[PDB]
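FYI the Cβ positions are ideal-geometry reconstructions off the backbone, even for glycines, and counts take in every protein chain you see. Each answer follows from the model by the rule given with it, or from the source it names; no laboratory instrument gave them.
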Amino acid sequence: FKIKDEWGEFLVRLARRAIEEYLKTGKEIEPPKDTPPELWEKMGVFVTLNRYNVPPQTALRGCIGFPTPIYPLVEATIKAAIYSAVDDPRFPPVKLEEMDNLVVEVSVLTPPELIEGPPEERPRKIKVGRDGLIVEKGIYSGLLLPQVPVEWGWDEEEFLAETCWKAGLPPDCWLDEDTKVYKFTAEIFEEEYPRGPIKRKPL
C-alpha cells in the first residue's frame, strides 16, 4: 500500500469538502496546512461521485480525474473533486443538497506502463480486478478505471475493446501495432455512506 489508510480518509474528506465549499461560495479550497507531506508528491487521481443506496451499476453521478501526475496529489484531488461535481459533461451539475445523497470515491493512480509484445497477446498482460487501462492512437485517447470492468463483469478482451470505444476508436483497435495500450493500478477509498466512515475499497 503506497497510500496509507489515514491518507485515503484524508483525501476523501478533502474531496467532499472541496465540492461543498465550491458549491457554497464558488471558491476552491487550498490544501490544508495539516496535509500529510507525502500527499504533495505529484500523482494521478480520479474522483467519483456515486448515488447512495441504489444498485451499483446505476450509481455513477460524476467521474473526472488527472491520469498524469501533473498536480501534487492533494491539489489534484481538490480539483478533480470539483470537476466531478460540476464539470462532467455527461451529467447535470451536482447541487449542494444532493451531496447528502452521494458517496465520494477517490482513486489514487500509479504511473501508466506501456504493454509490450504482439498486439493480439495484450489481453494476456492485463488482469481485470487489478488493471485500469489507457488506449491511445493518433489524437485519440481513452481511459477506464480498474473498477469498471469489475462492476460490469468484463473479461480482459472485453475490457480492452471497451477502453478502445471510450477513446472514440473501433473496438478491435487494440489489435493494431500502432495503437498504444497502457495499464495502471489504483488504491481506492470511499465513504461507506454519506459523511460516514471511509474505507479502502479492494476489487
(message) Conditions first: (1) in contact with a strand residue (DSSP E or B) (Cβ under 8 Å, 6 or more places away or on another chain); (2) farther than 19 Å from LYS2 by Cβ. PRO118 passes all but one, so which condition is the exception?
(response) (1)
(request) Hey, could you check the stretch 143-195 for residues that are hydroxyl-bearing (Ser, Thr, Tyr) and out of contact with any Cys (no Cβ under 9 Å at 6 or more places or on another chain) and say which is nearest to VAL54 (Cα to Cα)? (result) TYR193
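Find the residue count for the stretch 31-59, including only residues that are charged (D, E, K, R) and under 23 Å from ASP100 (Cα atoms).
Taking the stretch 31-59 and keeping what is charged (D, E, K, R), we get 33-34, 38, 41-42, 51.
The next check asks that each one be under 23 Å from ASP100 (Cα atoms); those that pass are 51.
Final tally of qualifying residues: 1.
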(request) Of the numbered conditions (1) within 28 Å of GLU38 (Cα to Cα); (2) more than 14 Å from the chain's Cα centre (by Cα), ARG90 fails exactly one; give the number of that condition. (result) (1)
(request) Pairs only if they're at least six apart or on different chains, beta carbon under 7 angstrom, first in the stretch 92-107 and assigned by CATH to the domain that holds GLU192 and without any contact (Cβ under 8 Å) to a residue 12 or more places away in the chain, second surrounded by 14 or more Cβ atoms within 10 Å (Cβ to Cβ) and not in a strand (DSSP E or B); list them, first residue then second. (result) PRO93/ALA85; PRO93/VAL86
